[PDB]
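Student: these are from a larger complex, still in place; more later:
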Amino acid sequence: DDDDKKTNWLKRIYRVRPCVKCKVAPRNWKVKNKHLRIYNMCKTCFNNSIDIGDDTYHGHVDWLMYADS
């Protein structure tokens, strides 16, 4: 089943690349209708980046959650 290839990929994509900033925590994310938005940082490091004034790691990658578009 093709939807499961996509789901297992997202599961892996999410797991093997932690927060770009602290490198250990997993990334923040949310579901935005038909896509999964994976933010570049965990929530702790994102808030911290505002405080310290660094917007270098700000960003996200959206992933279609289904196999067919």
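Tutor: Yep, it's here. Numbers count the residues shown, from 1 in each chain, chains lettered A, B, ... in the order given.

Student: Residue A:69: neighbouring residues, count only.
Tutor: With neighbours defined by other CB atoms under 10 Å, the count for residue A:69 comes to 5. The C-beta positions use only the backbone N, C-alpha and C, and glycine is treated the same way.

Student: same deal with residue A:65?
Tutor: Neighbour count of residue A:65, defined by other CB under 10 Å: 15.

Student: For the one helix or strand residue A:12 maps to, which outside residues touch it?
Tutor: Under the criterion DSSP states H and E, the helix or strand holding residue A:12 is helix A:2-16. When contacts are defined by CB atoms under 8 Å, 6 or more residues apart in numbering, helix A:2-16 is touched by residues A:26-27, A:29, A:36, A:38, A:63-68.

Student: Could you list the buried residues of it?
Tutor: Of the residues in helix A:2-16, those buried under the neighbour-count criterion (16 or more other CB atoms under 10 Å) are A:6, A:10.

Student: here's chain B, drop it on:
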Amino acid sequence: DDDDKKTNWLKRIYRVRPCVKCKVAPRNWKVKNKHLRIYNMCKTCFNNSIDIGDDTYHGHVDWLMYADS
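Tutor: So, slotting chain B in with the rest:
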């Protein structure tokens, strides 16, 4: 740059999972407007599957080619 995280992922996704049927050739694919469609089989095994009457591996996974949806 976020578009590049998506591109490098697709590059990897495409490379580490060859044809589901013969297991060596890389998969067929095409660009369908804003998505990359990765078919489950290379072209040789897909045509062959019609000939032998097996539709078990028929299918594809579409991937949004950009970071933002």
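
Student: Chain B added, so what about the buried residues of helix A:2-16 now?
Tutor: Within helix A:2-16, the residues that count as buried by 16 or more other CB atoms under 10 Å in any protein chain shown are A:5-6, A:9-10, A:13.

Student: Now find how far off-centre that helix is within its chain.
Tutor: How far helix A:2-16 lies from its chain's middle: 12 Å, per CA atoms, centre = their mean, to the nearest Å.

Student: for chain B, what are the nearby residues on chain A?
Tutor: Within chain A, the positions near chain B by CB under 8 Å from any CB of the partner chain are A:2, A:5-6, A:9, A:13, A:32, A:34-35, A:37, A:40, A:59-64, A:66-69.

Student: If any of the residues you listed are buried, put those into a PyMOL selection.
Tutor: Buried subset of the residues of chain A next to chain B, written as a PyMOL selection, criterion 16+ other CB under 10 Å:
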select buried, chain A and resi 5+6+9+13+35+37+40+59+60+61+62+63+64+67+69
